[PDB]
Each structure stands twice: as structure tokens, then as C-alpha cells.
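> Sending over run01.cif (mmCIF, C-alpha atoms).
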data_work
#
loop_
_atom_site.label_atom_id
_atom_site.label_comp_id
_atom_site.auth_asym_id
_atom_site.auth_seq_id
_atom_site.Cartn_x
_atom_site.Cartn_y
_atom_site.Cartn_z
CA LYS A 1 -13.79 -15.02 23.73
CA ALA A 2 -17.01 -13.89 25.43
CA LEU A 3 -17.88 -11.46 22.63
CA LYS A 4 -17.62 -14.18 19.98
CA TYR A 5 -19.79 -16.41 22.17
CA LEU A 6 -22.37 -13.63 22.44
CA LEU A 7 -22.57 -13.40 18.65
CA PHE A 8 -23.42 -17.10 18.37
CA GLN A 9 -26.17 -16.87 21.00
CA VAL A 10 -27.78 -13.79 19.43
CA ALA A 11 -27.85 -15.41 15.98
CA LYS A 12 -29.59 -18.58 17.17
CA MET A 13 -32.35 -16.62 18.93
CA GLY A 14 -35.69 -16.33 17.14
CA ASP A 15 -38.89 -14.33 17.21
CA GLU A 16 -41.10 -15.38 20.12
CA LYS A 17 -44.69 -14.46 20.98
CA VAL A 18 -46.42 -16.16 23.90
CA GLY A 19 -49.85 -14.67 24.54
CA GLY A 20 -49.49 -11.12 25.81
CA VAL A 21 -45.73 -10.74 25.35
CA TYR A 22 -43.82 -10.33 22.08
CA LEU A 23 -40.09 -10.19 21.37
CA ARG A 24 -38.50 -9.58 17.98
CA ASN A 25 -34.98 -11.00 18.12
CA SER A 26 -34.55 -11.06 14.33
CA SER A 27 -33.06 -7.57 13.98
CA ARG A 28 -30.31 -7.95 16.57
CA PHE A 29 -27.53 -9.85 14.79
CA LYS A 30 -27.73 -7.47 11.83
CA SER A 31 -27.18 -4.58 14.24
CA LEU A 32 -24.67 -6.45 16.43
CA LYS A 33 -22.49 -7.62 13.55
CA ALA A 34 -22.06 -4.10 12.16
CA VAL A 35 -20.68 -2.87 15.49
CA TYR A 36 -18.54 -6.00 15.83
CA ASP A 37 -16.81 -5.63 12.46
CA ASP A 38 -16.36 -1.88 12.91
CA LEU A 39 -15.08 -1.77 16.50
CA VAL A 40 -13.40 -5.18 16.85
CA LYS A 41 -12.53 -6.86 13.55
CA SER A 42 -11.58 -3.73 11.58
CA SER A 43 -8.82 -2.89 14.06
CA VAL A 44 -5.26 -4.01 13.33
CA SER A 45 -3.30 -5.43 16.28
CA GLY A 46 0.23 -5.10 14.89
CA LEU A 47 2.67 -3.71 12.32
CA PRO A 48 2.61 -4.33 8.55
CA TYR A 49 5.58 -5.50 6.50
CA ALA A 50 7.18 -4.01 3.39
CA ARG B 1 10.71 4.04 -7.49
CA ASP B 2 8.91 2.14 -10.27
CA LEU B 3 6.92 -0.24 -8.08
CA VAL B 4 4.70 -1.59 -10.87
CA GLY B 5 4.55 -5.37 -10.65
CA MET B 6 5.52 -5.40 -6.97
CA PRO B 7 3.79 -8.21 -5.05
CA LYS B 8 1.08 -7.03 -2.65
CA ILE B 9 -0.53 -9.35 -0.10
CA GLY B 10 -3.79 -8.33 1.53
CA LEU B 11 -4.59 -9.99 4.84
CA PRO B 12 -7.41 -9.38 7.33
CA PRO B 13 -6.31 -7.16 10.24
CA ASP B 14 -6.67 -10.11 12.63
CA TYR B 15 -3.70 -11.88 11.02
CA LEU B 16 -1.39 -8.88 11.43
CA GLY B 17 -0.42 -8.55 15.08
CA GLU B 18 1.25 -10.01 18.14
CA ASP B 19 -1.78 -11.34 20.04
CA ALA B 20 -2.95 -13.32 17.00
CA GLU B 21 -3.19 -17.11 17.35
CA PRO B 22 0.04 -19.02 16.60
CA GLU B 23 -1.52 -20.44 13.43
CA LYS B 24 -2.25 -16.93 12.16
CA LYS B 25 1.20 -15.69 13.17
CA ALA B 26 2.78 -18.64 11.35
CA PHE B 27 0.83 -17.66 8.23
CA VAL B 28 2.15 -14.09 8.38
CA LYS B 29 5.69 -15.39 8.77
CA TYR B 30 5.34 -17.57 5.66
CA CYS B 31 4.03 -14.60 3.67
CA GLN B 32 7.16 -12.71 4.72
CA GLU B 33 9.40 -15.39 3.21
CA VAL B 34 7.17 -15.56 0.13
CA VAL B 35 7.58 -11.81 -0.36
CA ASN B 36 11.31 -11.98 0.34
CA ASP B 37 12.12 -15.01 -1.83
CA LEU B 38 9.64 -15.11 -4.70
CA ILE B 39 11.27 -15.24 -8.15
CA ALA B 40 10.24 -16.26 -11.68
CA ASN B 41 11.97 -19.65 -11.70
CA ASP B 42 10.61 -22.93 -13.08
CA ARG B 43 8.74 -23.98 -9.91
CA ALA B 44 7.11 -20.56 -9.49
CA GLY B 45 3.49 -20.65 -8.40
CA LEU B 46 1.08 -20.13 -5.54
CA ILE B 47 -1.44 -22.01 -3.42
CA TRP B 48 -3.39 -19.28 -1.71
CA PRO B 49 -6.51 -19.48 0.49
CA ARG B 50 -9.58 -18.01 -1.24
CA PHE B 51 -12.80 -17.09 0.57
CA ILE B 52 -15.41 -14.89 -1.09
CA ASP B 53 -17.20 -13.28 1.87
CA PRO B 54 -20.99 -13.70 1.47
CA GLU B 55 -21.21 -10.11 2.63
CA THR B 56 -19.69 -7.47 0.30
CA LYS B 57 -19.27 -10.22 -2.33
CA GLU B 58 -15.48 -9.74 -2.25
CA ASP B 59 -12.62 -12.03 -1.30
CA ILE B 60 -10.61 -11.34 1.85
CA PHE B 61 -7.20 -12.72 0.83
CA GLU B 62 -5.62 -11.73 -2.47
CA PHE B 63 -2.13 -12.02 -3.90
CA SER B 64 -1.94 -9.34 -6.58
CA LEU B 65 0.71 -7.41 -8.47
CA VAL B 66 0.46 -3.66 -7.95
CA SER B 67 -0.66 -1.89 -11.12
CA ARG B 68 -0.47 1.71 -12.30
CA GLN B 69 -3.20 3.35 -14.38
CA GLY B 70 -1.18 6.02 -16.17
CA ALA B 71 2.02 6.84 -18.02
CA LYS B 72 4.79 9.33 -17.28
CA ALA B 73 4.03 12.68 -18.91
CA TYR B 74 7.43 13.68 -20.28
CA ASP B 75 9.79 11.41 -22.21
CA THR B 76 12.99 11.82 -20.20
CA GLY B 77 15.03 10.03 -22.86
CA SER B 78 14.67 12.62 -25.61
CA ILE B 79 14.86 15.43 -23.05
CA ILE B 80 18.39 14.55 -21.93
CA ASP B 81 19.54 14.04 -25.52
CA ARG B 82 18.59 17.61 -26.43
CA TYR B 83 20.69 19.08 -23.62
CA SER B 84 23.71 16.90 -24.41
CA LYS B 85 23.80 18.27 -27.95
CA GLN B 86 23.36 21.80 -26.59
CA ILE B 87 26.32 21.34 -24.23
CA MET B 88 28.49 20.05 -27.07
CA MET B 89 27.21 22.93 -29.21
CA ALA B 90 28.44 25.44 -26.62
CA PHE B 91 31.97 24.02 -26.82
CA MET B 92 31.49 23.27 -30.54
CA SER B 93 32.59 19.68 -29.96
CA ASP B 94 30.01 17.94 -32.14
CA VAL B 95 32.82 15.70 -33.43
CA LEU B 96 32.52 13.80 -30.14
CA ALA B 97 28.99 12.67 -31.03
CA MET B 98 28.91 12.77 -34.83
CA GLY B 99 32.43 11.41 -35.24
CA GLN B 100 35.16 12.17 -37.75
CA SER B 101 33.69 13.01 -41.15
CA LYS B 102 35.21 12.73 -44.63
CA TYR B 103 34.95 16.49 -45.25
CA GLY B 104 36.24 17.71 -41.87
CA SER B 105 39.80 17.80 -40.61
CA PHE B 106 41.78 18.94 -37.59
CA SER B 107 44.73 20.27 -39.63
CA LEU B 108 45.19 24.02 -39.26
CA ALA B 109 47.00 24.45 -42.58
CA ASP B 110 44.31 22.43 -44.37
CA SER B 111 41.56 24.29 -46.24
CA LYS B 112 38.81 22.40 -44.35
CA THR B 113 39.69 23.03 -40.69
CA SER B 114 37.03 21.88 -38.26
CA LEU B 115 35.30 24.40 -36.00
CA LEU B 116 36.73 22.81 -32.84
CA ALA B 117 40.22 22.58 -34.34
CA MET B 118 40.23 26.30 -35.08
CA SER B 119 39.20 27.00 -31.49
CA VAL B 120 42.45 25.56 -30.16
CA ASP B 121 44.24 27.80 -32.66
CA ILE B 122 42.69 30.87 -31.01
CA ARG C 1 6.04 17.69 -10.59
CA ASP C 2 5.41 14.42 -12.48
CA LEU C 3 3.94 12.59 -9.50
CA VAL C 4 2.51 9.67 -11.49
CA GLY C 5 3.35 6.38 -9.82
CA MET C 6 4.13 7.74 -6.38
CA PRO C 7 2.94 5.50 -3.51
CA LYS C 8 -0.28 6.62 -1.83
CA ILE C 9 -1.43 5.06 1.45
CA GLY C 10 -5.05 5.32 2.55
CA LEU C 11 -5.57 5.08 6.30
CA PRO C 12 -8.76 5.63 8.33
CA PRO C 13 -8.81 9.04 10.03
CA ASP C 14 -8.65 7.60 13.55
CA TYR C 15 -5.12 6.33 12.83
CA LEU C 16 -3.83 9.86 12.20
CA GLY C 17 -3.53 11.83 15.41
CA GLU C 18 -1.89 12.19 18.80
CA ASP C 19 -4.51 10.58 21.05
CA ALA C 20 -4.49 7.51 18.78
CA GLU C 21 -3.53 4.23 20.47
CA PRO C 22 0.24 3.59 20.63
CA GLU C 23 -0.13 0.70 18.20
CA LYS C 24 -1.80 3.00 15.67
CA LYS C 25 1.05 5.48 16.11
CA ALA C 26 3.51 2.66 15.42
CA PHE C 27 1.44 1.74 12.35
CA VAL C 28 1.64 5.30 11.03
CA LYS C 29 5.37 5.38 11.78
CA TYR C 30 5.97 2.18 9.80
CA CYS C 31 3.87 3.57 6.95
CA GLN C 32 6.09 6.67 7.01
CA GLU C 33 9.19 4.47 6.85
CA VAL C 34 7.68 2.55 3.92
CA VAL C 35 6.86 5.77 2.06
CA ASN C 36 10.30 7.26 2.63
CA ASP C 37 12.33 4.09 2.02
CA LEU C 38 10.47 1.76 -0.35
CA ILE C 39 12.32 1.05 -3.60
CA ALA C 40 12.10 -1.51 -6.43
CA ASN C 41 14.83 -3.86 -5.22
CA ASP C 42 14.58 -7.64 -5.57
CA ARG C 43 12.81 -8.31 -2.24
CA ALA C 44 10.25 -5.61 -3.02
CA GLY C 45 6.84 -6.58 -1.69
CA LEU C 46 4.05 -5.68 0.68
CA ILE C 47 1.89 -7.27 3.37
CA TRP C 48 -0.96 -4.87 3.89
CA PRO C 49 -3.93 -5.22 6.22
CA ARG C 50 -7.23 -5.08 4.36
CA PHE C 51 -10.92 -5.19 5.29
CA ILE C 52 -13.91 -4.72 3.01
CA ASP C 53 -16.34 -2.88 5.29
CA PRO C 54 -19.80 -4.52 5.20
CA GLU C 55 -21.29 -1.13 4.42
CA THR C 56 -20.28 0.80 1.28
CA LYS C 57 -18.57 -2.38 -0.02
CA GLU C 58 -15.17 -0.66 -0.07
CA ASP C 59 -11.82 -1.36 1.54
CA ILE C 60 -10.60 0.99 4.26
CA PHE C 61 -6.84 0.45 3.93
CA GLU C 62 -5.89 1.60 0.44
CA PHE C 63 -2.37 1.27 -0.99
CA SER C 64 -2.05 2.29 -4.63
CA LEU C 65 0.11 4.21 -7.07
CA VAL C 66 -1.19 7.65 -8.02
CA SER C 67 -2.34 7.57 -11.64
CA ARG C 68 -3.10 10.28 -14.19
CA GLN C 69 -5.89 9.89 -16.74
CA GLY C 70 -4.62 12.32 -19.38
CA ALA C 71 -1.67 13.35 -21.51
CA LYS C 72 0.12 16.66 -21.99
CA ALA C 73 -1.51 18.81 -24.66
CA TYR C 74 1.62 20.18 -26.31
CA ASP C 75 4.86 18.38 -27.16
CA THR C 76 7.38 20.77 -25.64
CA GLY C 77 10.44 19.13 -27.20
CA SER C 78 9.48 19.85 -30.80
CA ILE C 79 8.52 23.42 -29.88
CA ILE C 80 11.87 24.06 -28.19
CA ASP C 81 13.73 22.53 -31.13
CA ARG C 82 11.80 24.79 -33.52
CA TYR C 83 12.64 27.87 -31.47
CA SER C 84 16.31 26.86 -31.28
CA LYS C 85 16.34 26.46 -35.06
CA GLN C 86 14.80 29.93 -35.41
CA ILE C 87 17.43 31.36 -33.05
CA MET C 88 20.25 29.83 -35.10
CA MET C 89 18.55 31.16 -38.24
CA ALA C 90 18.56 34.67 -36.78
CA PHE C 91 22.37 34.63 -36.51
CA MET C 92 22.62 32.48 -39.67
CA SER C 93 24.71 29.93 -37.78
CA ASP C 94 23.07 26.77 -39.12
CA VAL C 95 26.51 25.15 -39.52
CA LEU C 96 26.56 24.85 -35.72
CA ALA C 97 23.77 22.25 -35.73
CA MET C 98 23.60 20.94 -39.30
CA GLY C 99 27.37 20.71 -39.61
CA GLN C 100 29.83 21.60 -42.36
CA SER C 101 28.02 21.12 -45.67
CA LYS C 102 29.71 20.33 -48.99
CA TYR C 103 27.91 23.30 -50.59
CA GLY C 104 29.69 25.86 -48.40
CA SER C 105 32.99 26.88 -46.86
CA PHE C 106 34.51 29.42 -44.48
CA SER C 107 36.82 30.98 -47.10
CA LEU C 108 35.88 34.51 -48.15
CA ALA C 109 38.02 34.28 -51.30
CA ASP C 110 36.22 31.08 -52.28
CA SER C 111 33.13 31.04 -54.49
CA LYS C 112 31.30 28.89 -51.91
CA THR C 113 31.50 31.32 -48.97
CA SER C 114 28.88 30.62 -46.33
CA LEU C 115 26.33 33.25 -45.31
CA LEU C 116 27.76 33.56 -41.80
CA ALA C 117 31.22 34.01 -43.30
CA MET C 118 29.79 36.82 -45.44
CA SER C 119 28.37 38.48 -42.32
CA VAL C 120 31.80 38.18 -40.69
CA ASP C 121 33.21 39.79 -43.84
CA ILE C 122 30.79 42.70 -43.45
#
Kindly return the structure encoded in the file as C-alpha cells.

Amino acid sequence: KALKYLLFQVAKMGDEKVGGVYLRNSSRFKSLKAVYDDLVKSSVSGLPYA
Amino acid sequence: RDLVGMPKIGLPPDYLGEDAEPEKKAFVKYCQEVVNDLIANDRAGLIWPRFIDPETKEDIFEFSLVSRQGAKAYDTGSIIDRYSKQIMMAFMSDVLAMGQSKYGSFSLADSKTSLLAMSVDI
Amino acid sequence: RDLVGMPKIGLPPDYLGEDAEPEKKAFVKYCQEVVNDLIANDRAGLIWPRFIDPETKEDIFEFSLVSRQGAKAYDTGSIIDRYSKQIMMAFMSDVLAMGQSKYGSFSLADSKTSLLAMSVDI
């Protein structure tokens, strides 16, 4: 539940630059999603059925 | 083992499991009955969910019939027929397959004794 | 060795092993049962997990029937039949396959004596 919530928060975040400090948040969801699908979604939790 | 035309259902891994949400587990149960009870009757048909993932540009759920992309090399039908004739040739019992002819006979004293009929004479 | 149409199951490498999670071992075991037991009965079907990986745009779980993309060069049946005909020609025993013809007979004293009968006479 927390991990799904983290994905939502990361997506909404945007690129911010207040004078002196800069923070590119754009290229985080792209990276985060790839791990998420690979290590969480693409992992069966049961048995198939013939 | 000719599984061509067999129904195949592809579900996301999330659906398949024990910790899946009751709604998902109910869906898997219905697919089990669909697999187990689908026939080609009058009311045959399907209402399946369809979602083309924006990523990968491919759908996640599909109901498809498994297909083969080749043909069996050797024609088993003509192969067996050759051996059956060879077996009958060994015992010279071609009358079993060909049948009684109008120029062959089983009579020993006749002038046209069949090959098999003469064998019993020996 | 005509393995066209045999079931082939494509699993990610992490599934195959001993340190693999107990669920993955159960998955592999059920796949083994499917491979060794699946037939083309009336409740034949399949519920396979599937996931098009965002990268490479290809599915990871892959169930399909092995297919050949060619045909045998030589027709063995005709060749074997030709050689059998040659063998019967060598012993001049065509009557074994062709059958008793109306242009021949097994009587030496007859004017229509078959070639094989003449060899027997010799």
C-alpha cells in the first residue's frame, strides 16, 4: 500500500528551481516505474491453472 | 496431444495468487469455469475486458486460441498402410484386404488355387 | 523425433533453481504437471500469467507449441515402395504384390507359365 502511494507522490512532483537551489524531479518516475514493474508487478503470487 | 485450438487466457500476474483482492480472485474463478465449460453452442460468446497499455502498445488481457505454425513431417496414414500390406504379404493373405476375386479360388483340386489356399495344403 | 506441436513453456531464469522462493518452486512444479499431463480432452484450456515488460516490448511468460518452418526434402514412402518393387523384381515374384494376373498361371505344362514358375522349374 505504501509503495503504490509513493508512486503517486513521485509522479505529481515537478521541476523546481528557487534561486540558488535546483531539483530535477522529472526523471524519477521513469526510473521508479521500471523497478516497480520488474520487482513487484512482474512477480506471480500463486499457481496457474490448466 | 494436438492442442491446436485450445483456449488460452492471459492474465496479469497480480490476478493469479492467494493474496490478490477478492474481486481479482473472483475473476480468476470465473475464468476457470469458462475454461472448464466453454462449448460451441448457440449462446457461445465472450465479454472480455480489453485494455491496451499505453506502454508497450499491447493489451494485457487476451482470450486466444493456441495456434501452431507448422505441419507434421511424415504422413502417418500412408506409413501404416504400407506395413499392413507387408505383414499380409509375409503370410500371403492378401485376400483379406483385396477380397475374393473372380479368377482366384480356394479349391485345391481347381486349376486356379490361391497362394494362401496352397499354403494350408503344405 | 517429430517434435512439432509439443508444448513449450517459457519461464524467466529466476524461477528455475533451488534457492527460488517456495511459490516459484510450486509454479515450476505445476508447469511440470501441465507438461506431463496436458491432453486435448473437452475441458482443455489454460490460464497463464502474462506481462509485457515495458522494455523490449516482449512477454516474459511464453507458452506456445513448437513449430517447424520447413518440409522434408525426400518422400521416403515412394522411395521405399520403389526399392520393394525392385526387390520383388529380383526374385521375379511380382505376383506377390500385383496378384494373380489373367495372363499367367502356376502350371508348368500350361502355355501361360509365369516367370517365377519357370525359375522353380529350373
> Taking only C-alpha atoms into account, what are the residues of chain C at most 8 Å from chain B, put as a ChimeraX atom specification?
/C:2,4-6,38-40,43-55,57,64-72,77,96-97,100,102,105
> Taking the file as shown, find all residues satisfying the PyMOL selection byres ((chain A and resi 27) around 12) and write them as a VMD selection string.
chain A and resid 10 to 15 23 to 26 28 to 34
> In Å to one decimal, how far is atom CA of residue 40 of chain A from atom CA of residue 25 of chain B?
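Between atom CA of residue 25 of chain B and atom CA of residue 40 of chain A the gap works out to 18.4 Å.
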> Please provide chain B as a PDB file with C-alpha atoms, keeping the file's coordinate frame, once it has been superposed on chain C by least squares across all sequentially paired Cα atoms.

ATOM      1  CA  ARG B   1       5.965  17.825 -10.704  1.00  0.00           C
ATOM      2  CA  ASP B   2       5.159  14.551 -12.496  1.00  0.00           C
ATOM      3  CA  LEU B   3       3.753  12.654  -9.522  1.00  0.00           C
ATOM      4  CA  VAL B   4       2.384   9.718 -11.532  1.00  0.00           C
ATOM      5  CA  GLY B   5       3.369   6.467  -9.853  1.00  0.00           C
ATOM      6  CA  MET B   6       3.876   8.130  -6.467  1.00  0.00           C
ATOM      7  CA  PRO B   7       2.878   5.843  -3.578  1.00  0.00           C
ATOM      8  CA  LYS B   8      -0.318   6.883  -1.789  1.00  0.00           C
ATOM      9  CA  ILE B   9      -1.424   5.295   1.487  1.00  0.00           C
ATOM     10  CA  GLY B  10      -5.004   5.730   2.638  1.00  0.00           C
ATOM     11  CA  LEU B  11      -5.632   5.263   6.345  1.00  0.00           C
ATOM     12  CA  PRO B  12      -8.768   5.806   8.441  1.00  0.00           C
ATOM     13  CA  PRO B  13      -8.736   9.179  10.238  1.00  0.00           C
ATOM     14  CA  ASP B  14      -8.450   7.391  13.594  1.00  0.00           C
ATOM     15  CA  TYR B  15      -4.919   6.217  12.759  1.00  0.00           C
ATOM     16  CA  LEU B  16      -3.696   9.728  11.932  1.00  0.00           C
ATOM     17  CA  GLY B  17      -3.295  11.693  15.150  1.00  0.00           C
ATOM     18  CA  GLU B  18      -1.620  12.109  18.512  1.00  0.00           C
ATOM     19  CA  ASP B  19      -4.297  10.678  20.824  1.00  0.00           C
ATOM     20  CA  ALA B  20      -4.453   7.442  18.815  1.00  0.00           C
ATOM     21  CA  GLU B  21      -3.564   4.202  20.619  1.00  0.00           C
ATOM     22  CA  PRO B  22       0.158   3.313  20.626  1.00  0.00           C
ATOM     23  CA  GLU B  23      -0.523   0.388  18.284  1.00  0.00           C
ATOM     24  CA  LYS B  24      -2.138   2.727  15.757  1.00  0.00           C
ATOM     25  CA  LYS B  25       0.631   5.303  16.152  1.00  0.00           C
ATOM     26  CA  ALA B  26       3.232   2.574  15.604  1.00  0.00           C
ATOM     27  CA  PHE B  27       1.445   1.627  12.378  1.00  0.00           C
ATOM     28  CA  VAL B  28       1.588   5.214  11.104  1.00  0.00           C
ATOM     29  CA  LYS B  29       5.287   5.381  11.918  1.00  0.00           C
ATOM     30  CA  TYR B  30       5.975   2.212   9.910  1.00  0.00           C
ATOM     31  CA  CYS B  31       4.058   3.624   6.939  1.00  0.00           C
ATOM     32  CA  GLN B  32       6.322   6.675   7.123  1.00  0.00           C
ATOM     33  CA  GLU B  33       9.429   4.512   6.745  1.00  0.00           C
ATOM     34  CA  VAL B  34       7.723   2.489   4.008  1.00  0.00           C
ATOM     35  CA  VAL B  35       7.024   5.698   2.088  1.00  0.00           C
ATOM     36  CA  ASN B  36      10.523   7.024   2.744  1.00  0.00           C
ATOM     37  CA  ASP B  37      12.460   3.845   1.916  1.00  0.00           C
ATOM     38  CA  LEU B  38      10.472   1.880  -0.650  1.00  0.00           C
ATOM     39  CA  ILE B  39      12.447   1.009  -3.800  1.00  0.00           C
ATOM     40  CA  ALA B  40      12.186  -1.530  -6.637  1.00  0.00           C
ATOM     41  CA  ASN B  41      14.858  -3.920  -5.359  1.00  0.00           C
ATOM     42  CA  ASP B  42      14.729  -7.727  -5.330  1.00  0.00           C
ATOM     43  CA  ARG B  43      12.920  -8.064  -1.974  1.00  0.00           C
ATOM     44  CA  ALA B  44      10.288  -5.466  -2.898  1.00  0.00           C
ATOM     45  CA  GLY B  45       6.768  -6.314  -1.806  1.00  0.00           C
ATOM     46  CA  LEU B  46       4.005  -5.578   0.660  1.00  0.00           C
ATOM     47  CA  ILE B  47       1.953  -7.240   3.382  1.00  0.00           C
ATOM     48  CA  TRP B  48      -0.918  -4.864   3.920  1.00  0.00           C
ATOM     49  CA  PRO B  49      -4.058  -5.231   6.070  1.00  0.00           C
ATOM     50  CA  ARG B  50      -7.212  -5.597   3.949  1.00  0.00           C
ATOM     51  CA  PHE B  51     -10.743  -5.169   5.304  1.00  0.00           C
ATOM     52  CA  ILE B  52     -13.692  -4.726   2.956  1.00  0.00           C
ATOM     53  CA  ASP B  53     -16.213  -2.804   5.079  1.00  0.00           C
ATOM     54  CA  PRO B  54     -19.623  -4.551   4.930  1.00  0.00           C
ATOM     55  CA  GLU B  55     -21.058  -1.070   4.601  1.00  0.00           C
ATOM     56  CA  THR B  56     -20.160   0.848   1.404  1.00  0.00           C
ATOM     57  CA  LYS B  57     -18.624  -2.386   0.049  1.00  0.00           C
ATOM     58  CA  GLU B  58     -15.196  -0.707  -0.120  1.00  0.00           C
ATOM     59  CA  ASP B  59     -11.902  -1.412   1.606  1.00  0.00           C
ATOM     60  CA  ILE B  60     -10.571   1.017   4.207  1.00  0.00           C
ATOM     61  CA  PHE B  61      -6.810   0.546   3.756  1.00  0.00           C
ATOM     62  CA  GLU B  62      -5.241   0.688   0.309  1.00  0.00           C
ATOM     63  CA  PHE B  63      -1.690   1.037  -0.946  1.00  0.00           C
ATOM     64  CA  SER B  64      -2.022   2.426  -4.462  1.00  0.00           C
ATOM     65  CA  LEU B  65       0.111   4.259  -6.994  1.00  0.00           C
ATOM     66  CA  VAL B  66      -1.327   7.631  -7.974  1.00  0.00           C
ATOM     67  CA  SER B  67      -2.564   7.621 -11.566  1.00  0.00           C
ATOM     68  CA  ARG B  68      -3.348  10.370 -14.060  1.00  0.00           C
ATOM     69  CA  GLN B  69      -6.192  10.131 -16.574  1.00  0.00           C
ATOM     70  CA  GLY B  70      -4.891  12.439 -19.293  1.00  0.00           C
ATOM     71  CA  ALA B  71      -1.905  13.502 -21.364  1.00  0.00           C
ATOM     72  CA  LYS B  72      -0.129  16.842 -21.694  1.00  0.00           C
ATOM     73  CA  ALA B  73      -1.683  18.897 -24.490  1.00  0.00           C
ATOM     74  CA  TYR B  74       1.383  20.360 -26.192  1.00  0.00           C
ATOM     75  CA  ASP B  75       4.527  18.435 -27.118  1.00  0.00           C
ATOM     76  CA  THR B  76       7.199  20.582 -25.474  1.00  0.00           C
ATOM     77  CA  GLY B  77       9.977  18.697 -27.255  1.00  0.00           C
ATOM     78  CA  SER B  78       9.160  19.804 -30.792  1.00  0.00           C
ATOM     79  CA  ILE B  79       8.191  23.263 -29.534  1.00  0.00           C
ATOM     80  CA  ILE B  80      11.670  24.064 -28.211  1.00  0.00           C
ATOM     81  CA  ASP B  81      13.322  22.654 -31.335  1.00  0.00           C
ATOM     82  CA  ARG B  82      11.439  25.108 -33.551  1.00  0.00           C
ATOM     83  CA  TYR B  83      12.656  28.117 -31.568  1.00  0.00           C
ATOM     84  CA  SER B  84      16.266  26.910 -31.489  1.00  0.00           C
ATOM     85  CA  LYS B  85      16.338  26.808 -35.284  1.00  0.00           C
ATOM     86  CA  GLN B  86      14.690  30.239 -35.403  1.00  0.00           C
ATOM     87  CA  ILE B  87      17.360  31.683 -33.094  1.00  0.00           C
ATOM     88  CA  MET B  88      20.129  30.208 -35.237  1.00  0.00           C
ATOM     89  CA  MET B  89      18.285  31.495 -38.312  1.00  0.00           C
ATOM     90  CA  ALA B  90      18.388  35.043 -36.925  1.00  0.00           C
ATOM     91  CA  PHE B  91      22.181  34.882 -36.607  1.00  0.00           C
ATOM     92  CA  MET B  92      22.380  32.686 -39.732  1.00  0.00           C
ATOM     93  CA  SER B  93      24.449  30.141 -37.814  1.00  0.00           C
ATOM     94  CA  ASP B  94      22.788  26.976 -39.104  1.00  0.00           C
ATOM     95  CA  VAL B  95      26.275  25.462 -39.460  1.00  0.00           C
ATOM     96  CA  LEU B  96      26.195  24.942 -35.685  1.00  0.00           C
ATOM     97  CA  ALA B  97      23.303  22.480 -36.012  1.00  0.00           C
ATOM     98  CA  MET B  98      23.631  21.122 -39.548  1.00  0.00           C
ATOM     99  CA  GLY B  99      27.420  20.932 -39.447  1.00  0.00           C
ATOM    100  CA  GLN B 100      30.056  21.543 -42.095  1.00  0.00           C
ATOM    101  CA  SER B 101      28.798  20.526 -45.531  1.00  0.00           C
ATOM    102  CA  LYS B 102      30.718  19.478 -48.648  1.00  0.00           C
ATOM    103  CA  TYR B 103      29.396  22.429 -50.682  1.00  0.00           C
ATOM    104  CA  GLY B 104      29.859  25.170 -48.064  1.00  0.00           C
ATOM    105  CA  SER B 105      33.054  26.876 -46.992  1.00  0.00           C
ATOM    106  CA  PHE B 106      34.234  29.637 -44.685  1.00  0.00           C
ATOM    107  CA  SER B 107      36.851  30.991 -47.125  1.00  0.00           C
ATOM    108  CA  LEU B 108      36.100  34.537 -48.254  1.00  0.00           C
ATOM    109  CA  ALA B 109      38.059  34.259 -51.505  1.00  0.00           C
ATOM    110  CA  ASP B 110      36.336  30.961 -52.326  1.00  0.00           C
ATOM    111  CA  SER B 111      33.382  30.985 -54.733  1.00  0.00           C
ATOM    112  CA  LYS B 112      31.142  29.155 -52.215  1.00  0.00           C
ATOM    113  CA  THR B 113      31.365  31.354 -49.104  1.00  0.00           C
ATOM    114  CA  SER B 114      28.923  30.397 -46.379  1.00  0.00           C
ATOM    115  CA  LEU B 115      26.261  32.868 -45.256  1.00  0.00           C
ATOM    116  CA  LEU B 116      27.737  33.131 -41.747  1.00  0.00           C
ATOM    117  CA  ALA B 117      31.279  33.506 -43.090  1.00  0.00           C
ATOM    118  CA  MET B 118      30.238  36.465 -45.222  1.00  0.00           C
ATOM    119  CA  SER B 119      28.642  38.079 -42.175  1.00  0.00           C
ATOM    120  CA  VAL B 120      32.002  38.381 -40.437  1.00  0.00           C
ATOM    121  CA  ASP B 121      33.297  39.976 -43.638  1.00  0.00           C
ATOM    122  CA  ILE B 122      30.707  42.755 -43.294  1.00  0.00           C
TER     123      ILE B 122
END
> Suppose you want the space between atom CA of residue 20 of chain C and atom CA of residue 20 of chain B; what is it in Å?
21.0 Å
> Taking all atoms listed in the file into account, name the residue in B:122, B:110, B:18, B:88 that is nearest to chain A.
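Comparing B:122, B:110, B:18, B:88 against chain A, the winner is B:18.
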> What does the structure give for the distance between atom CA of residue 118 of chain B and atom CA of residue 84 of chain B, in Å to one decimal?
21.8 Å
> Please return, as an mmCIF file with C-alpha atoms, keeping the file's coordinate frame, all residues of chain A lying within 7 Å of chain B when all atoms listed in the file are considered.

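This went into result20.cif:
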data_model
loop_
_atom_site.group_PDB
_atom_site.id
_atom_site.type_symbol
_atom_site.label_atom_id
_atom_site.label_comp_id
_atom_site.auth_asym_id
_atom_site.auth_seq_id
_atom_site.Cartn_x
_atom_site.Cartn_y
_atom_site.Cartn_z
ATOM 1 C CA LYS A 41 -12.530 -6.860 13.550
ATOM 2 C CA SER A 42 -11.580 -3.730 11.580
ATOM 3 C CA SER A 43 -8.820 -2.890 14.060
ATOM 4 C CA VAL A 44 -5.260 -4.010 13.330
ATOM 5 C CA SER A 45 -3.300 -5.430 16.280
ATOM 6 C CA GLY A 46 0.230 -5.100 14.890
ATOM 7 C CA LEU A 47 2.670 -3.710 12.320
ATOM 8 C CA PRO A 48 2.610 -4.330 8.550
#
> Just so I have it separately, write segment 48-55 of chain C from the block I sent, keeping N, CA and C atoms, as a CSV table (one decimal), in the first residue's frame.

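The result, written out as decode.csv:
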chain,number,residue,atom,x,y,z
C,48,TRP,N,-2.8,-18.7,-18.1
C,48,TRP,CA,-1.4,-18.4,-17.9
C,48,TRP,C,-1.2,-16.9,-17.5
C,49,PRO,N,-0.3,-16.7,-16.5
C,49,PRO,CA,0.2,-15.4,-16.2
C,49,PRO,C,0.9,-14.8,-17.4
C,50,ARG,N,0.8,-13.5,-17.6
C,50,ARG,CA,1.4,-12.8,-18.7
C,50,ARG,C,1.7,-11.4,-18.3
C,51,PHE,N,2.8,-10.8,-18.9
C,51,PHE,CA,3.3,-9.5,-18.6
C,51,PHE,C,4.2,-9.0,-19.7
C,52,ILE,N,3.7,-8.0,-20.4
C,52,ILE,CA,4.6,-7.4,-21.4
C,52,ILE,C,5.5,-6.4,-20.7
C,53,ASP,N,6.8,-6.8,-20.6
C,53,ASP,CA,7.8,-6.0,-19.9
C,53,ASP,C,7.9,-4.6,-20.6
C,54,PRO,N,7.9,-3.5,-19.9
C,54,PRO,CA,8.0,-2.2,-20.5
C,54,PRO,C,9.2,-2.0,-21.5
C,55,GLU,N,10.3,-2.6,-21.1
C,55,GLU,CA,11.4,-2.7,-22.0
C,55,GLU,C,11.3,-3.9,-22.9
